[PDB]
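Okay, here we've got a single chain as structure tokens, the form deposited without the ligand, with questions on binding and movement later.
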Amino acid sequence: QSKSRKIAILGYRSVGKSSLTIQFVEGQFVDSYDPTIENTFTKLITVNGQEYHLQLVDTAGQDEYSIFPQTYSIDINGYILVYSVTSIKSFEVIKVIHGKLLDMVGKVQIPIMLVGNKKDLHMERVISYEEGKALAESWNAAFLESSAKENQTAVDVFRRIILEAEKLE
């Protein structure tokens, strides 16, 4: 009576893909972590009384020139696209990543969740909550800001993509 889902985490380098995922999976804010390796974490979570077996694909990250690997579109039930609120570059790149993703999958009307990470770095913020929300609305995607240092924000992100998936289902 369990349900397995595979979620791919995408985004520009250093926006916090690994840190967010690991904060969710192990409940800890890791300080150091290999900058390039693509790894698939496993996580068990019960949402709405429903148990889920999650496979979280923490990708190596991509940019305007990346050529999406097949592993980005096979058996993926949902995608989390993250950018850093401290980087306009990561924000402009997440738009390109979204476009490439739609090109690679087609019109599958895939479940997508946009995430503006690093919200704790108040001083270095350059992307507003409104800009992030406007983008998500442009895509009709879920939206949330987060901080790999605040476990509850990381949990909300993953719970949210699960609901988006169920909704599009």
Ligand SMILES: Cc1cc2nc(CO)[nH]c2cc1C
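Quick note: we count residues from 1 along the sequence shown, nothing fancier. Whichever C-alpha set is largest while still superposing within 1.5 Å between the two forms counts as the rigid core. Shifts are known only where both forms have a C-alpha.
There is also a form solved in complex with the ligand; it is not shown, and the following applies to it.
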If the ligand is transferred from its position in the bound PDB entry by superposing the C-alpha atoms around the site, does the shown form leave the pocket open, or is it blocked, with blocked meaning at least 3 ligand atoms within 2.4 Å of a backbone or C-beta atom? blocked
Options 58-66, 106-114, 133-141, 42-50; stretch whose heavy atom lies within 4.5 Å of the ligand in the bound PDB entry: 58-66
Residue-level question: is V157 within 4.5 Å of the ligand in the bound PDB entry, judged on heavy atoms? no
Does the ligand get within 4.5 angstroms of any non-hydrogen atom of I161 in the bound PDB entry? no
Verify the contact flag for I76: yes if a non-hydrogen atom of it lies within 4.5 Å of a non-hydrogen atom of the ligand in the bound PDB entry, no if not. yes
Give a yes/no on whether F91 approaches the ligand to within 4.5 Å in the bound PDB entry, heavy atoms considered. no
Candidates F68, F29, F41, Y129 - which moves between this form and the one not shown, C-alpha at least 2 Å, core fixed: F68
Between the shown chain and the other structure, the Cα gap of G11 to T71 differs by 3 Å or more. Is it closer or farther in the bound PDB entry? farther
When the two are fit on their core, where are the runs of 3+ residues whose C-alphas each shift at least 2 angstroms between this form and the one not shown? 68-72
